[PDB]
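Take a look at the structure below.
Here, residue 1 is the first one in the sequence, and each next residue gets the next number. For the numbers below, each heavy atom of this structure counts, side chains included, while hydrogens, waters and symmetry mates do not.
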Amino acid sequence: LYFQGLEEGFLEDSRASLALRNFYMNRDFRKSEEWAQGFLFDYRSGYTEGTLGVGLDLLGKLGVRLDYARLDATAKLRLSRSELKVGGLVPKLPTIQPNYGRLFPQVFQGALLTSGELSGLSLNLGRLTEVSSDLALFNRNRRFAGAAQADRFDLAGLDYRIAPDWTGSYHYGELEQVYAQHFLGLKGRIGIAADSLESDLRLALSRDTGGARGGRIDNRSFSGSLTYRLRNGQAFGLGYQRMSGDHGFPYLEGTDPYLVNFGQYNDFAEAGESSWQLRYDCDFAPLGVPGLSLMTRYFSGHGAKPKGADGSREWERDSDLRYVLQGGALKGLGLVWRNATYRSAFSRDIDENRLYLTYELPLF
């Protein structure tokens, strides 16, 4: 956390890995398909010597259908308990979260400063200018006037350790001339007593800003969860979510929305929409079968006020099965199967399968 810069570490502490990813996706409307192999070279330098240390990250991506090629560089500066990254960025913030269900998450260009000079307090500040063309408001079901674009997305935030099991966060995000969103969140855990109860509460307020290319937007979002997690590998979760104001929940193209009732397909984020989620996870590891996990969840939404369409109710069931080989030559191989059923009164019904074969190979 504190950066000493006592040794010349750029080359010496360098590490890298190659990720191999085979992804298949199947989609039935009311039909399409996608199959692809990805290669991902992920390099992370150490830091040059001195109180201000300099570093370099590199992301090399190759994608082939059934030819996509990209190289993203990131300069990193390190001083005291603060870090500045400039170049390719994969932010993980309440206002901007990667899309993970693909071959590769989007890379954003800009600068991001994080700082933990104060104990228990993290601060961040950032500005993004590009996505792997401009940053754009993700329309989806015509929730807004159009998919407005901008040159700049600003961000600032604070995450505070209130107590060892409690954290509160505030984050601000603004796609310039389109919308600004305020986020406030609280996460907590209590013991009961070999097991635990976790809570995750999220309020967000979004309004159009400046030229309002989106255009007029008013969204007040609540999204929260309660998870009962047992020591034997099981978890039971309850999620609840509500959209208030004249619009649905805005977020950028290329990102997943930071909402708890977000499934494999739907985000239950139409204007006016309330939704409930039940979720069950099971790890078969402390039961006998390590590497094998399973998840299922069901979401139900009502009170949606979709634009230009009639109907207000919708639901989704996702099931997820995963296995990772535990030994032999392929001791890293991961199989993931994500299946979904989505039914809506106001948008197109879908059935979908996603399949992932993953392997991670450390180079140095």
Side-chain angles (χ1 to χ4, degrees), residues 25-30 32-34 95 97 99-102 136-149 175 178-179 181 202-208 212-225 237-279 296-320 338-354:
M25 176 179 145
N26 211 1
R27 218 175 235 212
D28 186 345
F29 272 90
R30 308 163 97 271
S32 75
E33 237 182 5
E34 182 170 346
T95 56
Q97 289 264 120
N99 189 333
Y100 275 135
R102 274 179 299 134
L137 169 66
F138 181 39
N139 220 343
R140 169 163 223 174
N141 307 346
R142 323 169 85 244
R143 285 162 182 175
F144 311 114
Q149 295 131 319
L175 179 65
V178 193
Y179 74 93
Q181 170 171 115
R202 313 184 186 177
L203 294 172
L205 172 69
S206 313
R207 210 229 137 190
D208 52 281
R213 306 175 176 166
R216 185 189 90 87
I217 289 158
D218 166 33
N219 175 261
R220 295 110 166 170
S221 155
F222 171 87
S223 186
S225 65
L238 175 62
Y240 175 78
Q241 178 164 293
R242 168 113 122 144
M243 301 292 122
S244 294
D246 295 353
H247 298 88
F249 182 81
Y251 54 112
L252 304 171
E253 294 190 359
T255 75
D256 291 345
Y258 195 57
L259 296 168
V260 345
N261 286 358
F262 164 60
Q264 180 181 326
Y265 182 69
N266 190 51
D267 57 4
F268 297 84
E270 294 299 308
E273 183 177 17
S274 288
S275 61
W276 285 97
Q277 181 195 164
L278 271 7
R279 166 174 174 152
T296 327
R297 54 184 176 190
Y298 175 79
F299 312 85
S300 171
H302 68 272
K305 293 193 291 185
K307 270 76 158 158
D310 211 277
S312 52
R313 303 169 183 280
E314 61 179 3
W315 63 267
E316 182 170 335
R317 152 162 284 243
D318 297 338
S319 290
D320 169 303
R338 309 175 61 222
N339 167 271
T341 297
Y342 170 72
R343 301 296 177 258
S344 179
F346 52 81
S347 68
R348 299 181 76 202
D349 300 3
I350 219 179
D351 287 32
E352 181 189 276
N353 285 271
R354 288 165 187 261

Item to check | Audit row: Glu352, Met25, side chain to side chain contact (heavy atoms under 4.5 Å, CB included) steps and yes/no | outcome: CA-CA 7 Å; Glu352 181 189 276; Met25 176 179 145; 4.1 Å; yes
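- Not one N or O on the side chain of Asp318 forms a donor-acceptor pair closer than 3.5 Å with the backbone of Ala340.
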When the side chains of residues 300-307 are checked against the rest of the protein, which donor-acceptor pairs come out under 3.5 Å, sequence neighbours left out?
from, atom 1, to, atom 2, distance (Å)
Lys307, NZ, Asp246, O, 2.7

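- In plain terms, the two heavy atoms of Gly101 and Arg338 that are nearest each other are CA-NH1, 4.0 Å.
- Counting only distance, with no hydrogens or angles, the side chain of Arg142 and the backbone of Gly308 share no donor-acceptor pair below 3.5 Å.
- Although no hydrogens or angles enter the test, the distance criterion places a donor-acceptor pair under 3.5 Å between the side chain of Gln181 and the main chain of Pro250.
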Next on the checklist: Let's go through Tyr179 and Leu137 carefully: what are the C-alpha distance in whole Å and the side-chain angles of both, what is the deciding distance for side chain to side chain contact (heavy atoms under 4.5 Å, CB included) to 0.1 Å, and is it a yes or a no?
Outcome noted: CA-CA 8 Å; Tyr179 74 93; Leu137 169 66; 3.8 Å; yes
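- For the pair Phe299/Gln241, no side-chain contact is recorded, criterion being any heavy-atom separation below 4.5 Å from C-beta on.
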Donor-acceptor contacts, no H, no angles, side chain residues 254-261, under 3.5 Å, sequence neighbours left out:
from, atom 1, to, atom 2, distance (Å)
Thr255, OG1, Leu252, O, 2.7
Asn261, OD1, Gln277, NE2, 2.8
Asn261, ND2, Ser275, O, 3.0
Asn261, ND2, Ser275, OG, 2.8

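- Judged purely by atom type and a 3.5 angstrom limit, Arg343 uses its side chain to pair as donor or acceptor with the backbone of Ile350.
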Checklist entry - Step by step, would you call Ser344 with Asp349 a side chain to side chain contact (heavy atoms under 4.5 Å, CB included)? => result CA-CA 6 Å; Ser344 179; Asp349 300 3; 4.3 Å; yes
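- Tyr251 and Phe138 have perpendicular rings, their planes meeting at more than 60° on a 0 to 90° scale where under 30° would count as parallel.
- Between the side chain of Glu316 and the backbone N or O of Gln264 there is at least one donor-acceptor pair closer than 3.5 Å.
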Next on the checklist: Run the side chain to side chain contact (heavy atoms under 4.5 Å, CB included) test on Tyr240 and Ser274 for me, step by step, so that the C-alpha distance in whole Å, both residues' side-chain angles and the decisive distance to 0.1 Å come before the verdict.
Outcome noted: CA-CA 8 Å; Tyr240 175 78; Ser274 288; 3.8 Å; yes
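- In this structure, the side chain of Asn339 does not engage the main chain of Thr341 through any donor-acceptor pair within 3.5 Å.
- Within the 4.5 Å cutoff, no side-chain heavy atoms of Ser225 are placed close to those of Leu238.
- Annotation: cation-pi geometry satisfied between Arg140 and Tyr265 (NZ/CZ under 6.0 angstrom from ring centroid, within 45° of ring axis).
- By the side chain to side chain contact (heavy atoms under 4.5 Å, CB included) test, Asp208 pairs with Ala212, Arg216, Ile217, sequence neighbours left out.
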